[PDB]
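Engineer: Pasting a structure here, questions to come.
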Amino acid sequence: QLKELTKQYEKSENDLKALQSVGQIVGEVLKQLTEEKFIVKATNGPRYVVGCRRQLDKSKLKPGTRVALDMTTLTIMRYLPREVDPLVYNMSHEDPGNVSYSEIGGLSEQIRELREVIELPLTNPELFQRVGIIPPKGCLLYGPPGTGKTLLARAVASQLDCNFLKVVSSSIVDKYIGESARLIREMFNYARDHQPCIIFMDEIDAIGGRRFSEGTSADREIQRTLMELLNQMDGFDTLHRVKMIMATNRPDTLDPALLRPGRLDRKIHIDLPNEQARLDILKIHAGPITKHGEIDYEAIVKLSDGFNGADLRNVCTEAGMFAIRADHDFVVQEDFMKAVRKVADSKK
Amino acid sequence: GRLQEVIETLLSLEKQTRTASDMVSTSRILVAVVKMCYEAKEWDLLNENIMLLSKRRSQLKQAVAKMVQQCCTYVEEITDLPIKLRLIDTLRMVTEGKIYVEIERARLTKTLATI
Amino acid sequence: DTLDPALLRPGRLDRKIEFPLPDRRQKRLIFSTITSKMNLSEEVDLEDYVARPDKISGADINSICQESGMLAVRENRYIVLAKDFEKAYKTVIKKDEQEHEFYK
Ligand SMILES: Nc1ncnc2c1ncn2[C@@H]1O[C@H](COP(=O)(O)OP(=O)(O)O)[C@@H](O)[C@H]1O
């Protein structure tokens, strides 16, 4: 009758002492530690002169420091570290699905090559100025669709250590003006904070160039966003620890400025499965479905080319569909054979 | 005289070792190529095989590397007296470029720094 | 091409500096510099790939030469001899264009 109210009621006395608190506005000190008074810049606010905490650590109050300020009296309070957006809904989380290079089929050259160019400067960086050159920064995963692009970086997502910044390039842009450039400088400054880091911007035709002349509102807002993204891929350093890679369809609509070796050096052409990669995809998506033994993969692969990985899991998906409305045990050979010949009906 | 022993056996080796186990055999048959290329005591036909064993090595899950212990466990075997050494000459343009061969041009540099 | 036709007018700029996408008498100097900060073993040639002068920046000279070194990292080599030069160049030595025979 007393310990219960003491614990789970007197623990909830905290609401009054925390209710007494007042909250503090934030701002950025435009430095000028005018000794006793500094000039700070509020977020949506004016620049103005503020007094100080009187026993604050003034010597590390660097120009461009997030600081908290009082509301009524307005004297500067306890400082802050440099913020992060919901880039937490960017870095801290993506699509790494314990997918490995086992699910990646038939492109071992491209994934060994991407793996070496992207994390092998992070394994042995000393061998490169040994040869006498800095490592490259970017790769552009241009290809026909399907084909393992977005995923490929899923396998890279679940096999690396650094914060794999996986972002869709069209959740970048917002309706407010100068906002997307805030987001992209926040992204790359966040990459400066945690190193080494990998920044995955797929589908990038949203920020993809071939800059225009005349739409003047919905495009020049992004053709100045691509200026900030471009002048921080380039920068005045080389970013020296972080490596971004971008995956898209339509490389023939991208900006020349963003393609010039430097922003994206080793442009990788991921390609449709030839025959060997076709049977690779067919075995991998034919794996966890129950099977036959001597199920003729070779006539399926021989049958009609020009598919994608997505189209071959569409084959096993349609054949499992055939058994699931046809009520059989697994498939038959005529269910793969009836599966490909309906996928082959699906042209453009 | 002793050519087709090492070369005939090696022609038998290039399909039973190269295709495809080779791994411990990289420290076995190549070292047997050089020690059976040394037990007949030739020096013309010695430095005519190591450079003709490069340029094409093996298949997947084997290596082009690991002939450096095939080299370095062979160099300090003879201390032939006057001067003849192609051991110092041929092993400075055939072992071009590896991170494993630091002790080849380093300790063979020291061999040049003493002889 | 779309900068503004009031940003110059002899007062706001008064100048204009063209950057050339360089050619023969310059391209040689770019290769001489970028190769002069690498490890070479002289099986390379200089003016052979100064030849075929076809539409290069300096950035893709740094890409084919940087790519030459990185393609030499395959065999864990501290130099580059013959193929990584030619090799990387051809691979991304302009990944080609689209000619067009008859006319020309
Ligand atoms: N080599 C491959 N192996 C397995 N799946 C593949 C392969 N290539 C493409 N895919 C399919 O593509 C999907 C991933 O999307 P993706 O191909 O990257 O399209 P986008 O490039 O538009 O993201 C996967 O769900 C997968 O089924």
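Chain labels A, B, ... are given in the sequence in which chains occur in the structure tokens; within each chain residues are numbered consecutively from 1, and ligands are likewise numbered from 1 in the order shown.
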Just want the 12 Å neighbourhood of residue C:20, counted on only C-alpha atoms, with same-chain residues fewer than 6 positions away dropped. Output as a list in words.
Structural biologist: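 Non-adjacent residues within range: residues 26, 27, 55, 56, 57 and 58 of chain C.
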Engineer: For the helix (DSSP H, G or I) assignment from backbone DSSP, which residues of stretch 57-265 of chain A qualify? Please present them as a PyMOL selection string.
Structural biologist: chain A and resi 58-60+108-123+126-131+152-157+179-193+225-233+251-253
Engineer: Just want the residues within 10 Å of ligand 1, written as a PyMOL selection string, counting only C-alpha atoms and all ligand atoms.
Structural biologist: chain A and resi 101-108+141-154+202-203+247-249+270-273+277-278+280-282+284-285+307-314
Engineer: Using C-alpha atoms, can you write the selected residues to a file as a compact mmCIF listing (two decimals), in the first residue's frame?
Structural biologist:
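Output saved as selection_0.txt:
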# COMPACT_ATOMS: atom_id res chain seq x y z
CA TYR A 101 27.31 -12.98 -52.88
CA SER A 102 25.69 -16.44 -52.96
CA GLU A 103 22.43 -14.86 -54.14
CA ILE A 104 24.31 -12.69 -56.63
CA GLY A 105 24.51 -14.88 -59.69
CA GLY A 106 26.76 -14.93 -62.71
CA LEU A 107 28.48 -11.56 -62.32
CA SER A 108 31.46 -12.55 -60.18
CA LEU A 141 26.35 0.90 -62.31
CA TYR A 142 24.83 1.51 -65.72
CA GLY A 143 22.92 -1.28 -67.41
CA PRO A 144 19.58 -2.54 -68.63
CA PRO A 145 17.08 -2.91 -65.78
CA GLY A 146 16.69 -5.88 -63.54
CA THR A 147 20.22 -7.19 -63.75
CA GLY A 148 21.08 -6.79 -60.03
CA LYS A 149 21.80 -3.13 -59.38
CA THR A 150 19.91 -2.04 -56.30
CA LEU A 151 20.44 -5.45 -54.87
CA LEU A 152 24.13 -5.62 -55.66
CA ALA A 153 24.39 -2.82 -53.10
CA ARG A 154 22.24 -4.91 -50.82
CA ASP A 202 20.60 4.70 -56.76
CA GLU A 203 18.25 5.64 -59.65
CA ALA A 247 23.26 2.81 -59.83
CA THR A 248 20.82 3.79 -62.52
CA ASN A 249 19.10 2.96 -65.72
CA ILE A 270 26.39 -4.64 -65.40
CA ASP A 271 24.99 -6.73 -68.23
CA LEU A 272 22.17 -9.23 -68.94
CA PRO A 273 22.99 -12.91 -68.24
CA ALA A 277 24.90 -16.46 -65.86
CA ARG A 278 21.41 -17.48 -67.04
CA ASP A 280 23.35 -19.32 -62.48
CA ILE A 281 20.24 -17.19 -61.84
CA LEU A 282 18.03 -20.15 -62.70
CA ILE A 284 19.77 -19.69 -57.41
CA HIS A 285 16.10 -18.78 -57.63
CA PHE A 307 16.07 -12.21 -69.92
CA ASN A 308 17.13 -10.64 -66.64
CA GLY A 309 17.55 -11.98 -63.12
CA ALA A 310 14.14 -10.56 -62.33
CA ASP A 311 12.70 -12.40 -65.32
CA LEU A 312 14.19 -15.72 -64.22
CA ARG A 313 12.81 -15.43 -60.72
CA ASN A 314 9.65 -14.51 -62.60
Engineer: Residues of chain A within 8 Å of chain C, using only C-alpha atoms, as a ChimeraX atom specification?
Structural biologist: /A:127-128,130-136,213,260-262,265
Engineer: Pick out the residues sitting within 12 Å of residue B:28, and hand them over as an mmCIF file with C-alpha atoms, in the first residue's frame; count only C-alpha atoms, and ignore anything fewer than 3 positions along from it in its own chain.
Structural biologist:
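Dumped everything to selection33.cif:
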data_model
loop_
_atom_site.group_PDB
_atom_site.id
_atom_site.type_symbol
_atom_site.label_atom_id
_atom_site.label_comp_id
_atom_site.auth_asym_id
_atom_site.auth_seq_id
_atom_site.Cartn_x
_atom_site.Cartn_y
_atom_site.Cartn_z
ATOM 1 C CA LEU B 13 52.327 -32.262 -64.355
ATOM 2 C CA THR B 17 48.558 -30.400 -60.915
ATOM 3 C CA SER B 21 44.539 -28.769 -57.198
ATOM 4 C CA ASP B 22 47.996 -27.150 -57.341
ATOM 5 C CA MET B 23 47.910 -25.393 -53.981
ATOM 6 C CA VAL B 24 50.309 -27.281 -51.734
ATOM 7 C CA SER B 25 51.679 -28.504 -55.059
ATOM 8 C CA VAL B 31 60.224 -26.641 -56.113
ATOM 9 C CA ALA B 32 60.696 -30.101 -57.645
ATOM 10 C CA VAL B 33 61.127 -28.439 -61.053
ATOM 11 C CA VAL B 34 63.948 -26.361 -59.625
ATOM 12 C CA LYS B 35 65.556 -29.053 -57.405
ATOM 13 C CA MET B 36 65.354 -31.681 -60.155
ATOM 14 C CA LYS B 66 53.610 -18.672 -53.855
ATOM 15 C CA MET B 67 56.549 -19.347 -56.136
ATOM 16 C CA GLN B 69 59.233 -19.776 -51.509
ATOM 17 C CA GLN B 70 60.051 -21.769 -54.625
ATOM 18 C CA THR B 73 64.333 -21.772 -50.531
#
Engineer: Per residue of chain B within 12 Å of chain A, what are the shortest atom pair and its distance in Å to one decimal, counting only C-alpha atoms, with rows by chain and residue number, as a tab-separated table?
Structural biologist:
residue	atom	partner	partner_atom	distance
B:60	CA	A:108	CA	11.8
B:97	CA	A:131	CA	10.2
B:98	CA	A:127	CA	11.0
B:99	CA	A:127	CA	8.9
Engineer: Would you write out those residues with N, CA, C and O atoms, as a compact mmCIF listing (two decimals), in the first residue's frame?
Structural biologist:
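Now in out.txt:
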# COMPACT_ATOMS: atom_id res chain seq x y z
N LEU B 60 40.61 -21.31 -61.13
CA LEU B 60 39.99 -20.72 -59.94
C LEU B 60 40.27 -21.57 -58.70
O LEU B 60 40.42 -22.80 -58.78
N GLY B 97 57.67 -7.19 -59.78
CA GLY B 97 56.39 -6.79 -59.23
C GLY B 97 55.60 -7.85 -58.51
O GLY B 97 54.78 -8.55 -59.11
N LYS B 98 55.86 -7.99 -57.21
CA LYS B 98 54.98 -8.69 -56.28
C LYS B 98 55.27 -8.11 -54.90
O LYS B 98 56.37 -7.63 -54.63
N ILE B 99 54.26 -8.12 -54.02
CA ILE B 99 54.46 -7.76 -52.63
C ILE B 99 55.13 -8.87 -51.84
O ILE B 99 55.62 -8.63 -50.73
Engineer: Quote the spacing between atom CA of residue A:140 and atom CA of residue A:258 in Å to one decimal place.
Structural biologist: 10.3 Å
Engineer: Would you mind listing what lies within 10 Å of residue B:107 as number ranges by chain, with only C-alpha atoms counted and same-chain residues fewer than 5 positions away left out?
Structural biologist: B: 72, 75-76, 101-102, 112-113
Engineer: Which value, in Å to one decimal, gives the distance between atom CA of residue A:24 and atom CA of residue A:179?
Structural biologist: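 Spanning atom CA of residue A:24 to atom CA of residue A:179 is a straight-line distance of 24.0 Å.
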Engineer: Which residue is closest to chain C? Choose from B:110, B:55, B:2, B:86 and count only C-alpha atoms.
Structural biologist: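 Once distances to chain C are computed over only C-alpha atoms, the minimum belongs to B:55.
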Engineer: Using only C-alpha atoms, which residue out of B:12, B:95, B:90, B:114 lies closest to chain C?
Structural biologist: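 Ranked by minimum distance to chain C, first place goes to B:95.
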Engineer: Between B:65, B:103, B:85, B:78, which has the minimum distance to chain C (counting only C-alpha atoms)?
Structural biologist: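 That would be B:65, the residue with the smallest distance to chain C.
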Engineer: With only C-alpha atoms as the atoms that count, which of C:86, C:23, C:48, C:43 lies nearest to chain B?
Structural biologist: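 Among the listed residues, C:43 lies closest to chain B.
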Engineer: Let me make sure I understand: among B:43, B:100, B:74, B:38, which one has the smallest atom-to-atom distance to chain C if we use only C-alpha atoms?
Structural biologist: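 Looking at the shortest contact to chain C, the residue is B:100.
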Engineer: Considering only C-alpha atoms, return as a VMD selection string whatever protein or nucleic-acid residues lie within 9 Å of stretch 184-190 of chain A, sequence-local ones (same chain, fewer than 3 positions apart) excluded.
Structural biologist: chain A and resid 83 to 85 87 165 172 179 to 181 193 to 194 199 225 228 to 229 232 to 233 239 242
Engineer: Name all residues at most 12 Å from residue B:1 (count only C-alpha atoms; drop same-chain ones fewer than 6 positions away) and give them as a list in words.
Structural biologist: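 Skipping anything fewer than 6 positions along the chain leaves residues 7, 37, 40, 41, 42 and 45 of chain B.
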